[PDB]
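J.: Quick one: the structure is below, questions incoming.
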Protein chains: 2
Amino acid sequence: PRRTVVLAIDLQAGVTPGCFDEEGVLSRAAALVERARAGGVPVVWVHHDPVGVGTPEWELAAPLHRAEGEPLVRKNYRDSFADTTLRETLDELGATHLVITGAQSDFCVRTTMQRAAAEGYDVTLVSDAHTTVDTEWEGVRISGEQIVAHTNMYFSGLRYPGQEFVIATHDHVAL
Amino acid sequence: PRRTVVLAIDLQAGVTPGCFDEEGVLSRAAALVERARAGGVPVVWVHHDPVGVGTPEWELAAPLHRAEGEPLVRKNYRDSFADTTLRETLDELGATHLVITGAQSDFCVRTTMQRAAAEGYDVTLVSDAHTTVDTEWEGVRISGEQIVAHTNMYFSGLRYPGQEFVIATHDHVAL
């Protein structure tokens, strides 16, 4: 009995500004959430507390809005499962398949999606609904765009025995 | 009681050719293994079976050589823990801290190191002893060098409660 849950990670007002293709990614994430709601697919929100609990930056980035009945999980680390109620929430929902949108691609999204894979979930990464910022290290620059693309590349070939991983766009992912 | 184990991933003759800074990475990995041996730190080798079991490509890349008493774990997926004897081997050794060198940075190394973190290990990524190849996706190119650098950047900020993660060079990592 596959039960799909949309997992929306840290799409917060203090996180998304400056990210590659920010407005478009937010628009597509919003569309995904609407399609999920229309299809009766549960939506679980994840918020990063170190953004600043109680401040506007911690709240969802426009134009995203949480609906009644949609759980919100608060976390302090990149892995959304680490010291959180996420697993308990998903189990309560009976989730077997996670459809992931969020930010940032190379930190909370990367760490959470790979943790989900490790835990045994089927996972679908929404290729056009995650983003991050330009960065540099060891004397070389790597753009947010490059990180997003490389992340999608990585996920397209991710394999675990008995599990299914899909890279899909926000308007084509099965809900 | 911290017990450190060096985990050397897929440094195989069919894997490393074409990788960024290949000769240097192999040289430094070899030096790391020698220092580990001199310090009585166990070394565990991981080999990727889909490279071609029984073929020369599956064997360690020169100039690496396995010593007596050093376990070798064989795997079929990016996650070295998935359907393998790795956990059993590490537990037998009583490992609490994994020092990771290997290839490729963005596939088996990425997936295994993050799995190790998830499992509760302390993990040290050896910044100058992992590598991968140039690639491209979604119309943008991202070099092996860029991937290595970004990987080190990522690992430098990885955090889990009660766990320690270190980014360190092959000649400075504590053994």
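Note that we place each Cβ from the backbone using ideal geometry, even for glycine, and neighbour counts take in every protein chain shown. Taken together, the values in this text are just the output of simple stated rules run on the coordinates, not laboratory data.
J.: Search the stretch A:76-104 for residues that are within 11 Å of chain B (Cβ to nearest Cβ) and closer than 21 Å to A:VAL126 by Cβ and pair each with any residue that is among the small types (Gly, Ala, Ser) and surrounded by fewer than 23 Cβ atoms within 10 Å (Cβ to Cβ) when their beta-carbon atoms are under 7 Å apart and the residues are at least 6 apart or on different chains.
T.: A:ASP79/B:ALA118
J.: Okay, next question. Tell me, which residue of the stretch A:5-45 that is touching a residue at least 40 places away in the same chain (Cβ under 8 Å) and acidic (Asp, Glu) is farthest from A:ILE142 (Cα to Cα)?
T.: Out of the qualifying residues, it is A:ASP10.
J.: Quick check on my filter: what residues within the stretch A:57-75 are part of a helix (DSSP H, G or I) and either within 14 Å of chain B (Cβ to nearest Cβ) or charged (D, E, K, R) (or both)?
T.: Once the filter is applied, which keeps residues that are part of a helix (DSSP H, G or I) and either within 14 Å of chain B (Cβ to nearest Cβ) or charged (D, E, K, R) (or both), the stretch A:57-75 yields only A:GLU57.
J.: Anything in the stretch B:76-93 that is outside any helix (DSSP H, G or I) and under 18 Å from B:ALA118 (Cβ atoms)? List them, or say none.
T.: B:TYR77, B:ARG78, B:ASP79, B:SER80, B:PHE81, B:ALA82, B:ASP83, B:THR84, listed by residue number.
J.: Further, regarding this structure: Identify all residues within the stretch B:3-54 that are of a type in the set (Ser, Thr, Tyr) and within 22 Å of B:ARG87 (Cα to Cα); write none if there are none. Before you say what the answer is, go through the steps one by one.
T.: Just the residues of the stretch B:3-54 that are of a type in the set (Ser, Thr, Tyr), to begin with: B:4, B:16, B:27.
Passing the criteria: only B:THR4.
J.: Kindly check whether there is at least one residue in the stretch A:46-53 that is in a loop (DSSP other than H, G, I, E, B) and either touching a residue at least 24 places away in the same chain (Cβ under 8 Å) or out of contact with any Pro (no Cβ under 6 Å at 6 or more places or on another chain) (or both).
T.: Among the residues of the stretch A:46-53, at least one is in a loop (DSSP other than H, G, I, E, B) and either touching a residue at least 24 places away in the same chain (Cβ under 8 Å) or out of contact with any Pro (no Cβ under 6 Å at 6 or more places or on another chain) (or both), which makes the answer yes.
J.: Tell me which residues, restricted to the stretch B:82-96, are surrounded by fewer than 20 Cβ atoms within 10 Å (Cβ to Cβ), at negative phi and not hydroxyl-bearing (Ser, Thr, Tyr).
T.: Residues satisfying the conditions are B:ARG87, B:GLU88, B:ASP91, B:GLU92, B:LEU93.
J.: Report, by residue number, each residue of the stretch A:136-146 that is facing chain B (nearest Cβ under 7 Å), within 18 Å of B:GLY157 (Cα to Cα) and surrounded by fewer than 20 Cβ atoms within 10 Å (Cβ to Cβ).
T.: If the condition is that a residue be facing chain B (nearest Cβ under 7 Å), within 18 Å of B:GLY157 (Cα to Cα) and surrounded by fewer than 20 Cβ atoms within 10 Å (Cβ to Cβ), then A:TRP137, A:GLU138, A:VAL140 are the ones that fit.
J.: If we keep just the residues of the stretch B:154-165 that are outside any loop (DSSP other than H, G, I, E, B) and surrounded by fewer than 19 Cβ atoms within 10 Å (Cβ to Cβ), which is farthest from the other protein chains (Cβ to nearest Cβ)?
T.: Selected residue: B:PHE165.
J.: With respect to A:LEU125, determine if the residue is crowded, with 21+ Cβ neighbours inside 10 Å, more than 12 Å from chain B (Cβ to nearest Cβ), within 22 Å of A:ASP10 (Cβ to Cβ) and not hydroxyl-bearing (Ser, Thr, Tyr).
T.: yes
J.: In addition: Could you count how many residues in the stretch B:139-153 are of a type in the set (A, V, I, L, M, F, W, C) and assigned to a helix (DSSP H, G or I)?
T.: Filtering the stretch B:139-153 down to residues of a type in the set (A, V, I, L, M, F, W, C) leaves B:140, B:142, B:147-149, B:153.
In the following step, the residues that additionally are assigned to a helix (DSSP H, G or I) were identified as B:147-149, B:153.
Residues that pass the stated criteria total 4.
J.: Can you tell which of A:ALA117, A:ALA168, A:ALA149, A:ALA174 is surrounded by 22 or more Cβ atoms within 10 Å (Cβ to Cβ) and either in contact (Cβ under 8 Å) with a residue 40 or more places away in the chain or of a type in the set (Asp, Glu) (or both)?
T.: It is A:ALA117.
J.: Can you tell me how many residues within the stretch B:12-43 are touching a helix residue (DSSP H, G or I) at 6+ places or on another chain (Cβ under 6 Å) and either among the acidic types (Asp, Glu) or within 24 Å of B:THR96 (Cβ to Cβ) (or both)?
T.: Matching residues across the stretch B:12-43 total 2.
J.: Let me ask you something else. Has the stretch B:70-81 got at least one residue that is among the charged types (D, E, K, R) and surrounded by fewer than 20 Cβ atoms within 10 Å (Cβ to Cβ)?
T.: Yes: the stretch B:70-81 contains one or more residues that are among the charged types (D, E, K, R) and surrounded by fewer than 20 Cβ atoms within 10 Å (Cβ to Cβ).
J.: Here's something else I'd like to know. Looking only at the stretch A:78-111, filter to residues that are under 14 Å from the mean Cα position of the chain (by Cα) and hydroxyl-bearing (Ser, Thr, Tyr); which one of those is farthest from A:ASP10 (Cα to Cα)?
T.: Out of the qualifying residues, it is A:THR111.
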